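> Shown below is the structure under consideration.
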Amino acid sequence: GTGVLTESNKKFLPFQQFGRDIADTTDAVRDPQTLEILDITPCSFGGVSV
Amino acid sequence: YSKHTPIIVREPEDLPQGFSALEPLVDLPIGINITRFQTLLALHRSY
Ligand SMILES: *[C@@H]1O[C@H](CO)[C@@H](O)[C@H](O)[C@H]1NC(C)=O
């Protein structure tokens with residue numbers, strides 16, 4: 001996917017690797033290389049009106 | 001899926017009526033069919 005990767009304060013239990021939002025879309029992940037909790041936020045967007 | 005806690009319940013027959021969750025502890029990849037289960041007890045010597 002495409003988004004902004006940041007550190008996340010949400011604590012994952014040791015078995016947990018993925019996090020999901022209300023919309024059932026992946027919102028957080030654990031990096032395969034180093035076990036760390038990272039949340040994904042979509043890149044900035046907004047309607048444009050002239 | 002296991003979980004351990006300390007309990008101070010007065011009635012041993014009465015499991016606590018408190019909400020709890022059992023985390024996924026271990027998985028075994030073997031797919032051997034199992035029909036019957038036997039609890040294993042430790043019992044050493046006359047004292
Ligand atoms: C290889 O993978 C393990 C599991 O994530 C990790 O702990 C280890 O640091 C990795 N090796 C290197 C050199 O980073």
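Quick note on naming: the chains in the structure tokens go A, B, ... in the order shown, residues restart at 1 in each chain, and ligands are numbered from 1 in order of appearance.
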Chain A residues within 10 Å of chain B, counting only C-alpha atoms: which ones, as a VMD selection string?

chain A and resid 13 to 16

> Would you put the residues from that selection into a file with N, CA and C atoms, as a PDB file, in the first residue's frame?


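Output (out_19.pdb):
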```
ATOM      1  N   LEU A  13       0.028  -7.181  21.489  1.00  0.00           N
ATOM      2  CA  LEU A  13       0.398  -8.386  22.200  1.00  0.00           C
ATOM      3  C   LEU A  13       1.381  -9.187  21.348  1.00  0.00           C
ATOM      4  N   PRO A  14       2.241  -9.991  21.979  1.00  0.00           N
ATOM      5  CA  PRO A  14       3.347 -10.616  21.232  1.00  0.00           C
ATOM      6  C   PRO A  14       2.912 -11.387  19.998  1.00  0.00           C
ATOM      7  N   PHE A  15       1.771 -12.070  20.055  1.00  0.00           N
ATOM      8  CA  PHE A  15       1.283 -12.767  18.872  1.00  0.00           C
ATOM      9  C   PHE A  15       0.761 -11.803  17.816  1.00  0.00           C
ATOM     10  N   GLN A  16       0.197 -10.673  18.231  1.00  0.00           N
ATOM     11  CA  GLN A  16      -0.367  -9.723  17.284  1.00  0.00           C
ATOM     12  C   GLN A  16       0.724  -9.089  16.433  1.00  0.00           C
TER      13      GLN A  16
END
```

> What do you get as a list in words if you pick all residues at most 10 Å from ligand 1, counting only C-alpha atoms and all ligand atoms?

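Selection of residues at most 10 Å from ligand 1: residues 31, 32, 33, 34, 35 and 36 of chain A.
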
> Could you pull the residues within 12 Å of residue 20 (chain A), counting only C-alpha atoms, minus those fewer than 6 positions along the same chain, as a PyMOL selection string?

chain A and resi 10+12+26-29+38-41

> Which distance in Å separates CA of residue 2 (chain B) and CA of residue 22 (chain A), to one decimal?

27.8 Å

> Just give me the gap between CA of residue 42 (chain B) and CA of residue 3 (chain B) in Å, one decimal is fine.

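Taking CA of residue 42 (chain B) as the start and CA of residue 3 (chain B) as the end point, the length is 20.9 Å.
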
> Can you pull out the residues contacting residue 18 (chain B)? Cut-off 12 Å, using only C-alpha atoms, and skip same-chain residues under 3 positions away; I want them as a PyMOL selection string.

chain B and resi 5+7+9+14-15+21

> Kindly give the distance, in Å, that separates CA of residue 21 (chain A) and CA of residue 8 (chain A), rounded to a single decimal.

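Computing it gives 13.6 Å between the two atoms.
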